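What follows is one chain in structure tokens, specifically the form deposited in one PDB entry.
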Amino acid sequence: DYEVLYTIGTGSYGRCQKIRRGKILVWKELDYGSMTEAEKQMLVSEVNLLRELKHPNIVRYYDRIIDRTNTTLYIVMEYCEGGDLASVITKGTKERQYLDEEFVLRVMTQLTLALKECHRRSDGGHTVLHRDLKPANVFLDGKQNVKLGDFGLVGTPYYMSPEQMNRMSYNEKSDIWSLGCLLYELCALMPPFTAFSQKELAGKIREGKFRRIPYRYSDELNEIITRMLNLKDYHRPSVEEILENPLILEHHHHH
């Protein structure tokens, strides 16, 4: 059993609390109480799927607690001392300091490794797609290594992939599109498409145009991020094609 320190916040899946076993962790509070037998069964399936993922750049699963009185499944996971990537981005904006290209390459490399484990399971395993890849779902450890978490169970691109816009199923290249949006935003300190309404946003995406990332950043880094933002999913690189990029070196794999 564990002790609750405080509530960190509330995600779309439910509340997340900082807890202590004296190992510091978090749990995600998944309330199955309004669910039918069928819906609860789906929940079990997804949680069992996600439970299997293991990777140094994926938030580590630790345990599950079934609390029948509270009608709640508590999913115990790694606490990430460094916070989220969103706060890094807002920090850069406030300080008027762009992130170093080296740090961007570390984030791109580690997130792509994380997604590689999902898209290409190292252990046989059923493929998983993240489905909610945005700076708020990317956490950081004490050394600011990437820990991808909060797997998916506005006038912002993150909630409009071209697959959504075209009524086609979310696929692995839809994850890559979101990765492109995220890395773009890390470099420019703003998303590649901005708008006041979904309609205006859809218009901007459909044109597929956006500013170059800042000239701080090499042509090679601009090109691979841009490639992830191709309108056609088959023009976007797979995780293997990303990792083959000449920019990505051994030391980008862990800091």
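Each residue number is its position in the shown sequence, starting from 1. For clarity, a rigid core is taken as the largest C-alpha set superposing within 1.5 Å between two forms.
One more form of this protein exists, namely the form deposited in another entry; it is left out here, but the text below deals with it.
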property: Sole member of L85, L148, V107, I75 with a C-alpha shift of at least 2 Å between the shown form and the other one (core-superposed); result: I75
property: Rigid core fit then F193 CA moved by 2 Å or more between the shown form and the other one; result: no
property: CA of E52, rigid core aligned, shift of 2 Å or more between the shown form and the other one; result: yes
property: Large Cα move at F210 between the shown form and the other one, threshold 2 Å, rigid core; result: no
